[PDB]
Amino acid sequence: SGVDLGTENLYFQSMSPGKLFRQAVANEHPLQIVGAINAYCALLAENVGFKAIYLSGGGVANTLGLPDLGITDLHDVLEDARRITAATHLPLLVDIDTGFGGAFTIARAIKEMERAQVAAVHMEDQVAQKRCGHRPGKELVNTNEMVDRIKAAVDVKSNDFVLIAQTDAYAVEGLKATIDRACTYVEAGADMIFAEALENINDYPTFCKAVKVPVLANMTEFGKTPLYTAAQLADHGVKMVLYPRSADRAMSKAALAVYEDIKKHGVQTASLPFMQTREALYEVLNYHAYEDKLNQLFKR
């Protein structure tokens, strides 16, 4: 539990995941959170020096070969989350979409994420209750409904654990409606607010000041939103900046290129310069630590 500085004992708290996340928010300006699809990606991000990582719901579906249409369940997300937290103590924020069902299912989701050593979740106000043959769409639940979802989650969560509420109201209802929802969500007990990228950076101050709690700005590619730098967002009062799919979009282009090279040429020579070396892989895996551990404890 207790670390010390230099030679003499200072006070160190052994920190829950949620506490680590909140500290990462408070200590960064702003905290950049990067999407990672698997444990190996989280380790790459840790190595580069990110202080928080993210498990995207669309990433979970897409990596299973599925469209992001709400087909996946708590177990799909939970299993990918567990694999990442087994490999790193870097605070992990997990997408739980609409909570996967009613009050007790949201409760289960929260408790299971906490047991999986997750730091934070984000839950959104999209409609869940969809008729069997309903088309892919974005409708919002009523404000009261999302408050109930938040109430369900906060009822079971520990103090430290972070609930980040997301409203999808902006694209369809405009900035004023978005702020009203977000504020109701804070009143219901949301710890932080997750915001789609606003078209005008000078609207963030108004957003952030109204909601009070820390605001996350979602910087995805190939959407509608333009791309501001972390600095600019911070200067406008944003505390977290998320890069949800950036890494995996790039991985997919690379995999396809290798596959095409092998198929065209009957060999992967042309791909060699674009592969991580075995040596870099050994280093990210911290392979030496395994040798050193065996030598420390056993035969050496």
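So that there is no doubt, residue numbering starts at 1 and follows the sequence shown.
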| item | value |
| --- | --- |
| Average Cα temperature factor in the PDB entry - higher stretch of 133-141, 207-215 | 133-141 |
| Mean C-alpha temperature factor, higher of 30-38 and 269-277 | 269-277 |
| Member of 113, 74, 147, 127 with the greatest C-alpha B factor (per the PDB record) | 127 |
| Record-listed C-alpha B factor of residue 95: chain third | lowest |
| Residue 176 by Cα B-factor - lowest, middle or highest third of the modelled chain | middle |
| Assigned third (lowest, middle, highest) for the C-alpha B factor of residue 240 | middle |
| Relative C-alpha B-factor of residue 231, binned into the chain's lowest, middle or highest third | highest |
| Where the record places residue 170 (Cα B-factor, split into thirds across the chain) | highest |
